[PDB]
Amino acid sequence: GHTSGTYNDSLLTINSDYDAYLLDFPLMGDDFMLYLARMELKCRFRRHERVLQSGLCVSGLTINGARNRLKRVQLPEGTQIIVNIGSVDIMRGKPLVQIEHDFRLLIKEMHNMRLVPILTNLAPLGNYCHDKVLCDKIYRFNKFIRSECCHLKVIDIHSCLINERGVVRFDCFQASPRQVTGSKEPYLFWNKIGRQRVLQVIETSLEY
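Each residue of the sequence shown is one higher than the one before, counting from -16 in our numbering.
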């Protein structure tokens, strides 16, 4: 097409000095992991992009967005990437079947690129706690991650943010939702306690 291959060349290269990384693993995800990395992992935002991002963490990144983003990145074979992806698809109201279809293709594409996914499942969306349909989607998609990625490392971060009765721990979330750059839906971010719980679940799952 007329505009094919006209993107910022700087997007092809990521670097742990400035981009979102956790223990030498690149992080791929949306605003949730972007914010985790900004607050806990000293990441910097890319200065030339309108939409906030740091490495493979991009505001508004859907599963398809991630599929595209990896085509615009170049990393050594065998690179392991920690992935948290799907919240944006769910917030935008993409059909679950489509979400699962896209995720299966993301996994296959990473395999074809010789990039190894380390999966995290989805945290509860705290401001959507009254939307039973959305919460059911999170429940089913998380089960899908676990079954589809049966040969890969799958980290359950969802559990650390819900209580004994399966309802969201609001003491792990901020008080009010926020506008983000890559999506029109409001986000309720993990607070200091919430961020540390998620970070510790991920690290302790990868220690040995």
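Each residue gets a CB set at the ideal place from its N, CA and C atoms; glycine is no exception.
Are residue i and residue j touching if we call contact CB-CB under 8 Å?
i, j, result
"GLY12", "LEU44", "yes"
"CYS155", "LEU144", "yes"
"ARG178", "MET74", "no"
"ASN95", "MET16", "no"
"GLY69", "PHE28", "no"
"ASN47", "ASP85", "yes"
"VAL71", "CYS112", "no"
"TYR(-10)", "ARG55", "yes"
Using DSSP's beta-bridge definition, name the partner residues of residue i.
i, result
"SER(-1)", "None; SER(-1) has no bridge partner."
"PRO9", "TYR4"
"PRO100", "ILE64"
"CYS40", "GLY12 and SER37"
Tell me, to the nearest whole angstrom, how far the beta carbon of residue i is from that of residue j; I am working on the premise that it is less than 8 Å.
i, j, result
"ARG52", "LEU39", "6 Å"
"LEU105", "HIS141", "6 Å"
"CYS118", "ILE90", "The pair is not a contact, with the Cβ atoms about 24 Å apart (cut-off 8 Å)."
"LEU108", "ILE128", "In fact, because the Cβ distance is near 16 Å, the residues do not count as touching under 8 Å."
"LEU24", "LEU(-6)", "About 20 Å; that fails the 8 Å criterion."
"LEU79", "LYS120", "6 Å"
Kindly list the residues whose CB is nearer than 7 Å to the CB of residue i, restricted to its own chain and excluding five residues on each side of it in sequence; keep chain order.
i, result
"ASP7", "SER(-1)"
"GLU60", "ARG97"
"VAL184", "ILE138, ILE140 and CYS143"
Under 6 Å Cβ to Cβ from residue i, same chain only, skipping five residues before and after it: list those, please.
i, result
"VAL163", "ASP14, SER42 and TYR170"
"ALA3", "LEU10, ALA20, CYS26, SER37, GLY38 and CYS40"
"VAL99", "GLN63"
Within its chain, find whatever has a CB closer than 8 Å to the CB of residue i; leave out the 5 residues flanking it on each side and keep chain order.
i, result
"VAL34", "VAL41, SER42, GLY43, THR164 and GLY165"
Scan the segment 50 to 95 and note each continuous beta strand (DSSP E) run of 3 residues or more that stays entirely inside, going in chain order.
63 to 67
Which whole runs of the beta strand (DSSP E) in the segment 118 to 179 are 3 residues long or more, in chain order?
none
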